[PDB]
Each structure stands twice: as C-alpha cells, then as structure tokens.
Amino acid sequence: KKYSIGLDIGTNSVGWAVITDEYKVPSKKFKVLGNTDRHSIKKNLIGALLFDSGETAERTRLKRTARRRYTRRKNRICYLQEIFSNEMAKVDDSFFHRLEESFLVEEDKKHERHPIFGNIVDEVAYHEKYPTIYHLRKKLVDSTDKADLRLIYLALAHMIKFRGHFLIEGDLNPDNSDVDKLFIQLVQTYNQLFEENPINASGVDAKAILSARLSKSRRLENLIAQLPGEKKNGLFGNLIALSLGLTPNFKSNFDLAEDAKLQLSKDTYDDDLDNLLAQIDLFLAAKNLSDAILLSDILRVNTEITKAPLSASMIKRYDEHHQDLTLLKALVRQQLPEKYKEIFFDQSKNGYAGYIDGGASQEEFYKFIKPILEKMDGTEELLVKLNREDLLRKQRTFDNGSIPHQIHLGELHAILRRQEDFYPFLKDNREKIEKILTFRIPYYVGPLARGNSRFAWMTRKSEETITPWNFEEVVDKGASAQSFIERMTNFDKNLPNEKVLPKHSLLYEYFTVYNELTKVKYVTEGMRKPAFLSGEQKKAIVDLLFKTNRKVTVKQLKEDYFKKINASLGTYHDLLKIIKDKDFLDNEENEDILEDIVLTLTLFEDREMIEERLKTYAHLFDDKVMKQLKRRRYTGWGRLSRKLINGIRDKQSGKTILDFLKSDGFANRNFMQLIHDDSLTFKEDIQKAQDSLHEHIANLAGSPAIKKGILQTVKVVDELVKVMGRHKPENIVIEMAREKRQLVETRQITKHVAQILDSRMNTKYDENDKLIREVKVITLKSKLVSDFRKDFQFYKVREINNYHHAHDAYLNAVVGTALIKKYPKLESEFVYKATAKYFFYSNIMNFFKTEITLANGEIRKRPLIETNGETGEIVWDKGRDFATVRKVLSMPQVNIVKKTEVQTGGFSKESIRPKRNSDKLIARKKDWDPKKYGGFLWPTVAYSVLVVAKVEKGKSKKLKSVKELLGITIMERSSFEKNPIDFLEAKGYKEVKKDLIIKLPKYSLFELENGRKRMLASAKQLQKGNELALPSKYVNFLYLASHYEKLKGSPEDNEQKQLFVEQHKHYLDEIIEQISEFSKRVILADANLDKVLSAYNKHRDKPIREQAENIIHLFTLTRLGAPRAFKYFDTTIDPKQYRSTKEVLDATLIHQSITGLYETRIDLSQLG
RNA sequence: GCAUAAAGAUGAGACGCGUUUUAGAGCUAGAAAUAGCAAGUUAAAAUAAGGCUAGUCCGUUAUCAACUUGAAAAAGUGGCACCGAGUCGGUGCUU
DNA sequence: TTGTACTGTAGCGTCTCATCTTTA
DNA sequence: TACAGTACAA
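FYI, the numbering for the first sequence is 3 to 282, 288 to 572, 588 to 712, 718 to 766, 918 to 1010, 1031 to 1366, going by UniProt numbering.
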C-alpha cells in the first residue's frame, strides 16, 4: 500500500518514478478528458519531464544597459540642441529638423534633401572642403575665423555623441605632452633639485619603452645609457616608477623629501604626494611622462604643433589612405589588369570594394590582399604598412576604444575658446557644454527613476528634472551611495532584521580571534588534566600579542605568564599606526563611533563622501589625521549583526556572547556551541527571530536557472501525491551530484530539494515534538547508482532515448530504500577523514553482490536474502529483485513529457536586412515602411493559434471556409491577447469562431496514424515526438561494444565481455531492423533511411567497435526533438525537415499534465 | 566560524565597432542590353515595435497542460486488484 | 499558381565598481 | 534550429 518516489533532477530534465516496497512500478487506468472516444488509458508510474534550460538574466541586463546608454546619449544631443536653438533660429532655422529627417527617403522628407546646408552646391562644396568630420574639427580648433554656426554644431555634437572612455581620471592635457622626448626636461628638474649638473647627452625616451612590455629589464640599462650613472634606481632619468608606480607598494627610491610607498595609481597622486603638496618638482615631469607613454601609444607622431592632435592623426590616416589607394590602383592596373575588377568593383570578395562597400573587416581585407600585394613587385612599403596593420585604414575602426574623453574635451574646449568672441552665447554657457560632455551618472547612484523602477535606489533632495548641471543639488549622493551598498550586503542568517557589520569591525575581529582562541587548550606540566584558556589568559594573549602584532602563538603562557603571574586583529594595528593612541582603541566608551568610522570607510570609496561622513567628528580630531583616515579604506562585510554581538545577555551566566568569548573561565564554550544550546537562552530567541514557495525559491540564492529544476521537481511531487490518492510517500530519494555551469547549477538544483520537499511534505506535529517525521527525504550521491548500473549489467546509453532519466530515477529509488532498510541506524547520515569516508562509501555497496571480493583476489559469499538483522525483515532478495529491475528497465511505455512553453525573448533576429520588395520584413519603426527602409527577419513565435474562419481567396472574392494554424509572434502577442477577433480580422480572416481558438505553445503534442507523434515547433515547423524503446539486450550489447577496450575492467572479466560482444554480432542486424521499422513507422524519412541502409551494408566488414560507434551515432535519426545532421562511417546524412503543419490540423491534440498521467485528447478533425 | 581554492550569480555606470536609410551632383561612347574610366575613408538618424505612472523611467530573466469556479491571487476536478507488454493491452470487483 | 526540397542565415569586442553564493 | 531564400514541381 505504501510507496516511495524516486527523483533525478537535472538542468534539462526531471526524472520521476514511483515504486512500491518490493521495487515494482505500479500502473493505473487514468481518465481521459476531451471529445475523443477513448475514455481510459493504462499508464505506468515512471517517467521524465523535459524542458528547455533556464537562462540567466545576464543578456537582459546587457541589453537594458544598452537601452539606457542610447536614451542618455540622445538626451545629451537634445541638451546641446536646446542650447543652440535660439541662435540657430536666426540662421537656417530648419537645420535641426533636417538632421532629424536625415534617415527618411527623398519623398518622405518635408525639407530639402541635403541636411547640413540645404542645397546641392554648398553641400558638395562642404564635402570637398572637409572630406571627413575630423578635417572640420581640426579647422575649428586651429583656425581663427568666424565659422558658420552649423559647422560648430556638427563638430560639438560629434564630440559629445562619441566621447571616449573615462578610465583615466586625472585632468590630463595632451598639448603639454605632445612630444615624444622629455628626457632633458626631467633631467633639468632633477639636477635643480639634486645639485650635480653632470655632463649629459639627449635622447628620445617615450617610445623606447613602448617597444616592449614596460619593465625594468629594458629601463635600467636604457636609463643608464641615457644619463651617465651615479645611481641605478633613483637617477630620475626616465625610471619606470616615475612613469607608472609599482603594482606592489614599495618605498621611495632616492626619495625627494619623505619616505612613502609608491604604487600604480590614477586616483591618489594628487593626494599621497603630501611630502611636497602639503608642504611646498620631479613628479610634474613624471606625470608628463606618464601621459606621454600612452598618448604616444594612441596618437601618431605630430611634427606640427596643433591643439587638436586626434583630428590631425585622423587626417594623417585619411591622407595615407588616399595615397596608398592611388598607388595600389596604378599597380594593379599595370601588373594584374584582370584582378582590378574583382578587387575594386566586386563588393562581395573581401577586396577593396568589399572592404569599403561590402562587409569585410580590416583583417579580412588584409588577408585577401596580402597574396595579391606580395605576388607583385614595387609593393614593399605597402607590405610593411600591412604588417604594421596601417594600410588603407579608416577613421572609425574597432580600436578607437583607447581614446580618453580628455582629448575630445580638449578639442571641444579649444573650439569654444576660439569661437566664443563671435557668438556671445557660446561664451555664456561654455561650462554647460563641457559639463554635457564630461558628465557621468555615478555607478553608486544608478537609474534616475521617480519610483517606477525596480532597479533604482536613488533618493533625491528635490523633485526637479535632473540635468547634468543640477545633479549635485538634486540627488542626495550620500544616501544613494549608502543604499548602493545596503541593498547588496545581506542580513545575518540568524536574526534577519539587522544589517551585518563590516568584516574589519573591531567587534567582529574580536569575535573571530576570541572564538578560535576559546577552544585553545594547553597541556603542560602545571596540570595533570587539559584546561582551556581562561579569560585572564585570553586577555593576556590578546593584549600582549594581538594588540601589537597580527600573527599569533600561544606559547607565551608557558614561557612567560605561568612564571610571571587564521586569526587577526588587523584593524586595531592599522588604527594604532594611524591614531597611534592605544587608549582610544582600548576605550570601549566610544567603540560605537569607532565602528562608525570603520563603517563609513567600508561603505564609501569616493573620497569626498568619506569626508562628508567625517564632518560630524571634526571636533574629535585635528586636520592632518583625517587626511590620514581618508587614505584608509576597508573592504568586506561580517557574517553576523551587532545585536547578536552585544545586544543580548544570557539569563543564566549573565554574560553577553562576546563576554563568553572574552571570558568563559575553564570549560570554554565557542560561539556555535553557545547559540546551539537552549539551557543558555540563545536558541529559543533565534527560533523566535524567524511565506511562499516562489520566494523561498529565490532568497535561497542563485541564478534563475535553479527555479526550473527545483520548481518542476516540486510540482511533479505534488501531482504524484495527487495521483496516489493523496497518500504521502514514506521516502523521497534525491540525486545530489556530489563527490561546468551544468554541474554547479545542478548541485544548486539539488541542494534546495531536501529542504523544500521536507518542509512541504512534513507539516503536521504535536505538543511533544514539533515535527512528526513521516516522509524521509533521502539524499544519494551519483556514484552509488553509477556503480549499481556498472556492476549488474544495467548500462545506460544516453544516445538511444530519453528513458534513461526515468530509469535513473527508478534506480535512485530502489538503491535508496534498499540501502536504508539494510542499515536503519544510519538514517541520520542520509535522511534529511575524506579517505575514510571514501572507503566507507566504497565498501557499503557490496551487500548487493552475491560474491564479494576484497583487495586480496579471494572470495567470500553472502546469502541471497538480505535482512535488516535488527529485525528479520527481508530488505533485498538476489534473484527476484534483479528480475524486477530488469523487467522495469525493459518496459516500453514511459511517460516522457516535453514541457510546453510560450516562447519569450527577442522580437526577432538582431541584424537589419537591406530593403526589398518583400512582405516578410519587419518594420523598424511605425512610419518606416520596410520596402523603403529595410528591417528585421526571423521573428520568434510566442505561441501558435488554431483558427477556423472564412478567408477571401480567389480573384472572384467569395468565402471559402478554412482551418489553419497561425503564428502569433512576440510583437503581436499583446495586441492579440488584447482582442483576438479584431487582430484575426485584420489578418484577413472573416467570421472567426471565437470559442474554437486553441492556444498552442511550442512543443504542443499531436498524435497521428500508427501512434506517430509530432511536437509543434512553430506554426510552420514540427518535431519528432516518439521514443524508440529499444530492448535492454541491445542497449547492453551497444554499451559493451562501443566502449570496447576503454572499459578498463579486471582482465578475465573484460576478456569474457570481449568474447560476449564478439559472439553476439547479429545484434547489429537486429538493431538495424529495429531502427528501420521504427523509422518507417514514425520518422517517415525514406531517402535518409535507405542511405543509412546502404552505408551500413557497405561497411559490414568493419570491426565491431567502429560499427557499434556509428550505430550509436545512428540514433540521431530516431531521436525525439529537432531533426539533426549525423554521420555514419563516411557519409554525413542531412536531416529530413518536417516543414509543414498541414498534417496536424486533423490529428489528436494531446494535453499532457506535468507528469503526463492526466491527459485531455482533442480530436481536431471534428472542428469547423 | 576562519584561512586556502575554484567556479558561478545579481545589479549599476561607461566606451568602441557593426547594421540600416539618406546626404557626399559620377563622366564618356551610345535605342541599349551596356562597355570603358573616375570615385570610395565621412556624417545624420534608429538600434528591440513601443508603453504611460511622462522618469535623463520601463520594455528579451523567472512564471505558464486542459477544464470548473475566481477581476486576479488562488482554490477545485480524474476508483481498485490481477495476468500480461512495441509506447500500454486484456480480465475481474466497485458506483 | 503554389506546395516540397535544398542550401543558407543567424551583433559583438572590452572596461570600471559593487556585493554575494556552493562546493573542495 | 527555425526560418529564409532560390528554384523546382503542381
């Protein structure tokens, strides 16, 4: 009467089985609903549920940030146009409207088709004058003429729209660092500080380290070669620590005024050089070198002194492109005149035309043109330009990601500074335009929402619209920066209402050192029995050692104190070398505000909000010591709150928990032992400190991929309980996969299972016990059932069918129950040192084996009947039990369910196809007709919809009644579910029968003649749906065959398996018969099938291993799901696609429940 | 609990490309189908259609068999034993 | 004039910062 | 892998 549910959870499957206490799987007649004639169907209680993998929220987040970036960039351009509008209205007022209209075709425009100047002659004169935008930018930076206001807008908008990265946070200016040589300036500044003035000889110094990975192995030698040496690490002769600090902190080499540990930084050189900058320079020339190295790396050499180096570099790129284009054209004319048409005219060959007008990248163009350029002569400098990747370049390439925003800011500042005198409004709000360019939302502020986002945490002081100008007096940056951290650091697991402390808390580190000092016991001459460290001894250990040094050694008790009378307190040592007062550290009277200091230096990292938090302590401290504290910075958070640390007194000892850790006398108790005890009043308070599955699924943290596996397992268990007449099982057996995103997600998809199933299943209790254990949830490791498979010839072959999930589940259930009934006293080990446990798990399994062999090559015998022994009940019966297992594995009917899903995601594929006279193109925008503008293709159908209505076909318009499938794409889903009838009537259908509309998601199952099933992949595509239930003998033979010598068993055993697979060669022809019969009944791919037969016939002489391996490959023909392309020995067999859904409109639609036991068949041929 | 690993999540702020349509007067010999030649590097705009609480916000993760109640949330709906096994069949009790 | 049947398409490279988490 | 685009076949 009782039973047990076995489960095998995966990332793409949930295998379920129901066994009774003698390992048989029962079967029941289930009621069939619907309008078909069949009223009851026999089904076995074993099966699997398949689904598509659950996806992480990553891609959605990336596209969301891209959306926000485009919105904010368009807002930047709108701010700049708002600035320009009043004066633009006085000169060519339609200008911004033409720029907005630019995308439209010639007929859709409402102004002249030429955007910039609004007529042909001025537009072509402009494009002849400035071939690129960079010519215009350099002209506006350098020339001193009053320019047309439109050109000013074009340049400023081009800098503001595409504006470079923000990684370099210093206020870099390139014009002081344009030159590649700085050696003489650095050496002059050196010897006016270090009065030597030795004989010196100049040399270029920036590029010389750019030749290699920047390191001293070049530099010490080259700098001694530059300046005649009196030192080696402090010559100030282009030493690398001036260019970039060392990544490990190291003290100053030939220091200027004070000892300080230099570091690689772009955040602290404006502060940590207070050896001078708070008391007053080599470091000026040093930072000039520091700019110079990457600036020469990212700008080409400038021999003319211009204020716009980036525009000049791009002009140089353009000019060399033009020269090499002319040269290459002439050369391929005069040497290879038949290749000229292919290179410069055919735009699909990766030539020059395919590099400009086609879609070939620079690398593809180089790879194509290298043989052409090399087989010629006179093309040598072009070849070296190609080897340096500098041949026929473009002004906007993939490697413009190195330009910092400072260079664009310099060019924009130069343009405004030149042109302010002729247009006064440009001078009146130059700062505003520079702010538009330079502004970023801080990462700790997040989206600028008004309470309508689920991603925002910002709090605003006022309620005005946030522009880049009033951002500092509308956003409470302090509170927002706080909430950026507070939303992330979780509460403690015990009292989930208080935020945890920082890990560098004095209280938390006190807790840690006292916790792992509490259970330190010393055995010595002074006592005959071991005693733990008393509170005085723990005090002495902390006070002498921890409060002076971070490392620990307990031996001071034996060597000093008894005559005299993974632990650290790092923050105490830090604050003792900063404040340098031991009193104010040991003074607990202000320890709360000391923790406030630690908390603020943990919450905040941007410097002035740290100072903002230390305004309130200005009266405690003098100015230089907050200059010392602001440089300190703490990272990481403690695991438990302050209420558990200091907000509680025990009702028996009278002590706070940290007082026990400080002093619990002898018989010391640690933190965990304290809170696990109920005689001390902690456990009941923790239980008092403590309601839906769908949140319990989430706050048990992990990716949203866990939710599918766990939740489908839970719903399977719920419906399986419902199937058995609400009678709860006595066991549930869980695969755990303990001893690869699939495996780590799988282990997360198994860890939660025992908790959720035990909490859901066992819910009734009494006054004597607060849970009556009724459903023992067993946890098993995969090794157990894997050894059970490989030890009694129950081999799995994953390629044949999806029955292996259900079979694995059944195996989990049988070995789990048969394990705990043999060893009842070991419930507390499975039911909800490493080598010893490994040997335990290795030697537990042998009780199944009739013959047991030790690690001695000798024999012992075990009886056929296994018994518990504590009570004589039989728990395994060698014989009928193996017969039962083989019978269950050989069953042909297993409930395999593909979970039907309404598809969600992108509207279509992301590439934008060119224009065509086609109706399949999806409009990019409401007014943008794709016949003129192009659009997207491959839309994704959300779910199909069976309709039955009249359509007006024939040039004689009259109503033929029709019934056909229709694909409701993700774009149309909302407009369809709003009102299906009007949407269908807009699709042309007329007199739609509203009650006959059937929503069909993906993998909707239909049954056809001969029991041939098809899964609806879309309105225009089907999938295979049946399972080849190949008998157990053939799968055993195939596993023993395809792994022919990699089996690695003991010698005589693998040899007799060798002769067995040799002796049963006819199984190959029998499996060919099985696949041919199944594929002629259900797969209906004749050409692929007789290709398979012919390829099998032509390789009958091949060895058993290779033949069997290709037979394993052969099951891709009959597999459930999409038709795939497989290969035999030689031939690659392309799939027969099921590319028409006319076939299922007269079939039996099957509505399977999650277990698949409850069905609702709808015969579609009786509709319309 | 801490130290020593690794693998993975969730969120925010930025950058550079790419694609698309338009603008950058193509010339000559010609009924031309055309053929020769010249040119090519850049810009604007969009970058899920869109939505309304109109924010420098939100729009691709998760959830979803059918049927009966329920706006929704949700709740509810399907007899058993035995002999067999080509995707489940048969026989026998029961209302 | 419209159903099969075959080869072909399919947005991606980072960077700065936060916190977590499970399994050894 | 599910559409799409050419190119047979009615």
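We put the beta carbon where it would ideally sit given N, CA and C, even for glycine.
Among the candidates the options, whose CA atom is the shortest distance from the CA of residue i?
i	options	result
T1353	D94, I48, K31, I21	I48
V743	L184, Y1356, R1114	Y1356
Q674	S701, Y1294, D681, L651	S701
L564	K554, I548, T555	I548
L1198	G1209, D1180, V1145, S1154	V1145
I1331	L1343, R425, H1311, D23	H1311
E1071	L607, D23, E197	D23
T740	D147, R661, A984	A984
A1217	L229, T333, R753, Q1101	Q1101
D54	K1289, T13, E1250	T13
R1171	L1119, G1103, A1121, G1077	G1103
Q709	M763, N668, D1284, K948	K948
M1043	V975, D969, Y973	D969
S217	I21, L540, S245	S245
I118	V1259, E109, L156	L156
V931	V1009, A711, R1210	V1009
Return the bridge partner residues of residue i from the DSSP annotation.
i	result
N758	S6, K954
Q1219	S1216
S15	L52
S1142	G1165, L1198
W1136	Per DSSP, none; premise fails for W1136.
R976	Looking at the DSSP assignment, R976 forms no beta bridge with any residue, so it has no partner.
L264	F252
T1330	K1325
What is the DSSP secondary structure of residue i, counted as helix, strand or coil?
i	result
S303	helix
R467	strand
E1275	helix
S964	helix
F32	strand
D1075	strand
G994	helix
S1106	strand
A1034	helix
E610	helix
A68	helix
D150	coil
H982	helix
residue 287	Residue 287 cannot be located in this model; the chain continues from 282 straight on to 288.
Excluding the 5 residues flanking residue i on each side, which residues of the same chain have their C-beta closer than 6 Å to its C-beta?
i	result
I1094	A50, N980, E1225
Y1201	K1096, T1098, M1213
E171	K268
If I measure Cβ to Cβ from residue i and keep anything under 8 Å in the same chain, skipping five residues before and after, which residues do I get?
i	result
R557	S590, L591, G592, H595
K734	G56, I724, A725
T622	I632, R635, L636
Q1219	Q1335, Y1336, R1337, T1339
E613	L513, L514
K1231	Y1265
Quick one: residues in its chain with C-beta nearer than 7 Å to the C-beta of residue i, no 5 flanking neighbours on either side, listed in chain order?
i	result
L302	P176, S179
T496	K506, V507, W659
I322	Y136, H137, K140
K684	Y521, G542, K545
Handout entry: Every unbroken alpha helix (DSSP H) within the segment 404-486, with a cutoff of 4 residues, ordered by chain
Key = 412-426, 431-435, 437-445
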